[PDB]
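Heads up, the thing below is written out as structure tokens.
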Amino acid sequence: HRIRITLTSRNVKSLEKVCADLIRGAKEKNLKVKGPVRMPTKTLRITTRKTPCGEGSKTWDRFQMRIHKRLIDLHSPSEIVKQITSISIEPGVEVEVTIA
Amino acid sequence: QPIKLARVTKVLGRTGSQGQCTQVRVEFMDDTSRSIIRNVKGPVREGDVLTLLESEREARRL
Amino acid sequence: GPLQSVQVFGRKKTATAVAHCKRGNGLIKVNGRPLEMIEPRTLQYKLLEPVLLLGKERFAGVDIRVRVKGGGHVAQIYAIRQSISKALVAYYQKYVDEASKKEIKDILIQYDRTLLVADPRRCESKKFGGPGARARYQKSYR
Amino acid sequence: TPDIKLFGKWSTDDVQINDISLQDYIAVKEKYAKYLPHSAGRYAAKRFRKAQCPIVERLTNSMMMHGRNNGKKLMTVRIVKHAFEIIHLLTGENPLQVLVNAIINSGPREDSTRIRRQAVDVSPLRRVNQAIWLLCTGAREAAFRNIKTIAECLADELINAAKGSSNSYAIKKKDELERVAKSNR
Amino acid sequence: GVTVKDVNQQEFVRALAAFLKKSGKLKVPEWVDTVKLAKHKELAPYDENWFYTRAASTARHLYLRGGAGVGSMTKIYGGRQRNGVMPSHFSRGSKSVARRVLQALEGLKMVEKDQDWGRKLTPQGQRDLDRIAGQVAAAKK
Amino acid sequence: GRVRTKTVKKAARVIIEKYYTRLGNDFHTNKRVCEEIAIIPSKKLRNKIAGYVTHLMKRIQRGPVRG
Amino acid sequence: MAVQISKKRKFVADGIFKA
Amino acid sequence: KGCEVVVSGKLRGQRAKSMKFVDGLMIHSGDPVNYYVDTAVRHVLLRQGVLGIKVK
Amino acid sequence: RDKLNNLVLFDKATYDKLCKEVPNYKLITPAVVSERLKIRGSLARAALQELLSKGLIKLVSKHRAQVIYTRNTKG
RNA sequence: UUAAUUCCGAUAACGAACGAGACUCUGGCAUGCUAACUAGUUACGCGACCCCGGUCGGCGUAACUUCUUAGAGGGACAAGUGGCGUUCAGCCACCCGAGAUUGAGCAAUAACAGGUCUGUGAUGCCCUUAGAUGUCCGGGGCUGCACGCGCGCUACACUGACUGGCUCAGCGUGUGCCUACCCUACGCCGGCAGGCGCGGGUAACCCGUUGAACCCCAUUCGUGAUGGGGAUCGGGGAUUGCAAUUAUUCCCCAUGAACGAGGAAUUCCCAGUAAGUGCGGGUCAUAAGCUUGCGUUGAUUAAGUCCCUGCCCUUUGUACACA
């Protein structure tokens, strides 16, 4: 019963907590599990000038966006995960639940 | 006319239109007791040797 | 008896070089071929310096198969030279006395401290308003 | 062999630097003897670290000059090996005595400066730095638009500069850089 | 014995070219003396019998890194393009003449076409790279 | 140019004044004696303060400290 | 949706819905 | 803790202007500005023209 | 101003001077032989193959862009 | 005294605050911690070849986390010694060390008749509104060329240009709402540019171990304006597109100009820096001589001054205040 809670997020320190919760509450029912397997972070990037024309010296703004991923791997029934997931998440992160 | 060396004992300061020269108080290694201030190009440290062409000259202190 | 598997690195610019010391015959080699035939062929003495200083006595009971990747051509000859120096110091610390470990360390740091500690240097980035890190495009008036 | 490292294929024993005014910054024998001139260095650090670097290495750095040349250190070790193959055959000396004799005769004892004007003395570190630049360039402007090779040209800047003959680009620059300093004092 | 990796690889491609001329079943093209090696050249190859040197180089590259198609063999011998008054850029080798080298060695059972992409070396053809590795090392010492 | 702002020396004499007993000469120990009691929101600012302390703790051993 | 988009493309058309 | 309030446009003239009402503490640089301070702007269309209201 | 009308091939005046004078010199090269004896760059590499196959000269170690030959040993 | 109105100290002022620091992102050190079939390598069987060993990016799943990714914590503070100095406020030299100043963002009070109504369903006033300056459709133009300036790209060669052979990167990018438009392995038909099929990728999963360039090894050129240089210009052929003429880009032949290192004047730059070299996004049906990014090779010189251009504090002098 391989199940994969793949967490994608923009937040470094709300993610941390939502992946913790899933592992705090797996070992009380106690159903054996893999550990937090990360992925390589992406910085998208856009650059632009600052002005509404072409006047002045040419200065440059540089807008980033670090986009941060986790994943954790369960051996458990999917009805057991209906309970688990819906219990307590937060706005910073959205959760996927790969079933097999 | 004589050609000789001279060893450094203490630097003074930094002179010349552009801060280009230095001014170093020397101490002789031919005779063990004589000295004369002279302007020097290049970058001098303290504890090194020079090689002159004429030995009499003496540059005016600032 | 047991085994003695030691696996030590040493970067240069943008590139590790993880060695693989173990008990066996004297044979050092780098991705299948020995150290005396890896191109280019200018710096012949760089790969061959670690063995001549310390002598061939240290490599009469140690087999090695070195790997590379990253950096460039002249930033991988320094990489594998900085690896086999630090791996041989690690292999003779715990397993035997330390009086052989420190007396190998006296030979390498006096000659070239780059053998046991890496250059922390790296590529300074480009800013706008010019080509590179510090140059600025040609200016003018009038 | 913890005693004698062969400089590529060249010895280090019994080298004669008769002048004590240049017998610290010129580093090569005994403690500062190696196989390659090529260097990761870090002499571009303090003020004076530069003096702690090998002198045959300095020159290699020096060679790689003018756009196309700039940065190709491998390729100008090339030049300097093949430059030490011709000094050994043409006269007979160990190269590392011929190159040491050419730096002391090439850089100036006095260098005119701008205070209105008056001449001034040199530092030691001046004379190394000047000489070497002044016997790279000399080769350069012989081997350009000409069938002679760089090895050979560079090998026609080090046999008649130690000699001090004043036909060379090294020793006639030493004639002019000091005569301007005798003019205005 | 001796292997291809330990033997000096500059002389190794000159050695197997003498063994290719020895056999006489390479299937050479019918436009060899009027073909340019890539688009990114000006003139043709200097060697008047150049198909017998480069038929070796396709074989001793597939020992190291197998499973290679034709495409990657246009990127294997990579090059520039000194582009007149405008700057230099990367230009891929050649589909047809690199595809002619694979089919030169396909009738003569050496490079079989397997799965996981591309060609490789067949077991009984990989042998004749390690045997001549002994003949090249018996006149260098 | 290692000179420390009034944010440092304000919070150093105000940490020597009360707890002269607990504190001392070691940099690596009062690094903990400055952190157990106080509120300090940066590790760099934590180290600047806890070592002028050691700079100021060796001056009580010679003469009377002003502030 | 049916055609299945990119996560980059997905986290950004989020931002423009909000604004 | 404090505040700053600028009003800019053509108040009482055929030329323009900008007022700048203030009191309390205010910071302008470094990290902290975002979470510690509060910025907003709204333009406004009177009969003559347009005014701009930098409330911070 | 002036030009190097250099010999592509050997004259009999410039062939009798290669077998006799060139082995006596201390450094035989692709650029010093082309100056003294008045010959091209493509000719001074085509002739030194015949001196070494016979056994009249002593080659040091050839580079892609320089070869050096010397005067031959006593034995 | 400081890089600093930065701190010591004095004091008809007292207690404050802005800017500067502090701070956020980044680069460099952890064989210690948390952990991995979207990442490794050892360990261990099976197959292939060479004469017990060696070599497999050929095939698998008995133990680990050094490599790889990225979380948590640590770590450097003028701390430890020696001289200098109100012995304070500091600083220069040496040991220990991964570092004893790594680079960016953010940024005050006073102003400018600086630029932008051609970024706006931000805007006053004025103009014009059916023979419209609204709007759409068809054709040209913005490139039109004696001359003058400004950023750039390619060389003038032998430390080279031509033809073969060997061995190494890093930032990212990728199938879209009107929107039609992706990145491409394998396999054939062709000198080339391409074409004719077949996959795999919403991506640490497929392109990809991103077989990148200068650099390297060996051939052939010979001091010639030459195999240096490659403008101009004739004839064929492919590809994007509703349309290529005023040649969109690309390919094959042929032609084969100046230029032999550029007078007065002049710009940028101190270490992984300058300089060379190549590779990605932007723009884009078609698409880099320009802009924003990354790695590779890797330098000579200096640790100074106020002479020449300018900025900050004080004393000084004015008939200037549109200075």
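Protein chains in written order, with full-length UniProt numbering: chain P, 18 to 117; chain Y, 7 to 68; chain A, 5 to 146; chain Z, 14 to 128, 135 to 204; chain R, 3 to 143; chain D, 2 to 68; chain S, 1 to 19; chain H, 132 to 187; chain X, 40 to 114. Beta carbons: idealized from backbone N, C-alpha and C, even for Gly.
Using the rule of at least 16 other Cβ atoms within 10 Å of the residue's Cβ for burial, across every protein chain shown, is residue i buried or exposed?
i        : result
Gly120/R : buried
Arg87/P  : buried
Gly48/Y  : buried
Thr60/P  : exposed
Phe61/Z  : exposed
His77/A  : exposed
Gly73/P  : exposed
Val164/H : exposed
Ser26/P  : buried
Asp14/S  : exposed
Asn85/R  : exposed
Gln149/Z : buried
In angstroms, rounded to a whole number, what distance separates the CA positions of residue i and residue j?
i        : j        : result
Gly105/Z : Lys65/X  : 10 Å
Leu22/R  : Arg62/R  : 13 Å
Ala17/R  : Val9/R   : 11 Å
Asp26/Z  : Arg63/Y  : 41 Å
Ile116/P : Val110/P : 19 Å
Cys27/Y  : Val50/Y  : 10 Å
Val90/Z  : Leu49/Z  : 9 Å
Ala19/A  : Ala79/A  : 8 Å
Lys11/D  : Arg5/D   : 10 Å
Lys67/P  : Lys73/A  : 41 Å
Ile101/P : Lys45/D  : 41 Å
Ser87/A  : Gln126/R : 39 Å
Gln83/R  : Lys41/R  : 9 Å
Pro31/R  : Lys122/R : 22 Å
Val15/R  : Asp55/X  : 41 Å
Pick from the options: whose alpha carbon is nearest that of residue i?
i             : options                                : result
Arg69/A       : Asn35/A, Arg45/A, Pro54/A              : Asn35/A
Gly80/R       : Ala70/R, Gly86/R, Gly109/R, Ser96/R    : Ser96/R
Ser187/Z      : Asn148/Z, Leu173/Z, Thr126/Z           : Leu173/Z
residue 148/A : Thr5/R, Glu44/R, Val30/R               : Residue 148/A lies beyond the stretch modelled for chain A, which goes from 5 to 146, so this question has no answer here.
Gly144/H      : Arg173/H, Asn165/H, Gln179/H, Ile184/H : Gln179/H
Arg127/Z      : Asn45/Y, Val30/Y, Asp36/Y              : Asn45/Y
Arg75/X       : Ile96/X, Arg40/X, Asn45/X              : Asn45/X
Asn51/R       : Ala20/R, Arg67/R, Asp132/R             : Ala20/R
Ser41/Y       : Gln7/Y, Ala12/Y, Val17/Y               : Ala12/Y
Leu112/A      : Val22/A, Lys90/A, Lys98/A              : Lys90/A
residue 133/Z : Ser185/Z, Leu177/Z, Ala138/Z           : In the structure shown, chain Z runs from 128 directly to 135, leaving residue 133/Z without coordinates.
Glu13/R       : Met41/A, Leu7/A, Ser9/A                : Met41/A
By DSSP, does residue i sit in helix, in strand, or in coil?
i        : result
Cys25/A  : strand
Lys27/R  : coil
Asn45/Y  : strand
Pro62/X  : coil
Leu46/X  : strand
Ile101/P : helix
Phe28/D  : helix
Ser39/Y  : coil
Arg198/Z : helix
Looking at residue j and residue i, is the spacing between their C-beta atoms short of 8 Å?
i             : j        : result
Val9/D        : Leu24/D  : no
residue 205/Z : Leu56/A  : Because residue 205/Z is not part of the residues shown, which for chain Z are 14 to 204, the question remains open.
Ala70/X       : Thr168/Z : yes
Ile107/X      : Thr68/X  : yes
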